[PDB]
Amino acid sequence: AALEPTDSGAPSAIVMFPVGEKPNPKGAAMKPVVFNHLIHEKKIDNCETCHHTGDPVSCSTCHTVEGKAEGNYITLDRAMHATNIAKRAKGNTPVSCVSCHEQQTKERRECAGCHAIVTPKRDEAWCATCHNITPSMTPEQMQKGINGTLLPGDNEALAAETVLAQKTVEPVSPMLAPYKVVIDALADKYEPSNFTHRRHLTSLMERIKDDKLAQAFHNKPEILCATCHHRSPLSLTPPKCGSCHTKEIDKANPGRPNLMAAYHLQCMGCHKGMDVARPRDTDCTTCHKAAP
């Protein structure tokens, strides 16, 4: 028993290596990337969405580490991670691994609520989602991979081993977070906001529970907490918004909204991002009843 074959004829899973002309005898590089061609080709209908030149060929044939004429000196690095890709007035607009994943988060309603307010860390755990080779790869295979003298038979074995060894990280249950939270730090013109904490988290999670792209990148058990509880270590008891966001203006931290704007911008930000019908940003009592 092996990986399921593709309709396209491309290998089901593929190790991608840092291909360039320059010798790399010490194997100075990121871990290589195992790309699952099978699941991507099933999800994305047009081959040439990715194979933007119409050549059903490895990107690295034109995009090398240093760059070359066949790819107009757009490097491997650029081709795989580019985020600011200009629309092409004629013919195909290329995509990168990173730009397409990001477009997914902006374009799909079930993703665009959280992703309207998340700021991604882009840390080691992020890189490792792709830079993910199996440990059984040898330095020798690495050189061969780098030199392009690896046999596809060996490439595919390494790739199937990695894929078969992958395990999806389970998000913690919303049962381990508060049922409700009475937000009353600022209560004055209005009553406290009775935020449906667990209802909200449960709902957001259910809409993405089987998404393979979300599952790969949502890769620490408490990472979804950080959607709102941002910029602090993942934890089942994060610090309060009011620890960092002051009630009055904080000249020392102009990037920081004051605490009322913090709640408004975050709550309303998601609501707008995934087109919540109620409450509207102009509805001033649904989130907090007027005080008597």
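Numbers follow the displayed sequence, beginning with 1.
According to the PDB record, 139-147 carries the higher mean C-alpha B-factor of the two stretches 96-104 and 139-147. Between 30-38 and 249-257, it is 249-257 that carries the larger average Cα temperature factor according to the deposited entry. The residue among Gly20, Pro279, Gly269, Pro11 whose C-alpha carries the highest B-factor in the deposited model is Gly20.
Comparing the listed residues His218, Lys209, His81, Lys180, the entry records the largest Cα B-factor for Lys209.
The entry lists a Cα temperature factor for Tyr73 that places it in the highest third of the chain's modelled residues. Residue-level temperature factors show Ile85 in the highest third of its chain, judged at the C-alpha atom. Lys189: CA B factor in the highest third of modelled residues in this chain (values from the PDB entry).
Ranked within its chain, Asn46 lands in the highest third, by CA B factor from the PDB record. Compared with the other modelled residues of the chain, the Cα B-factor recorded for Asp123 ranks in the middle third.
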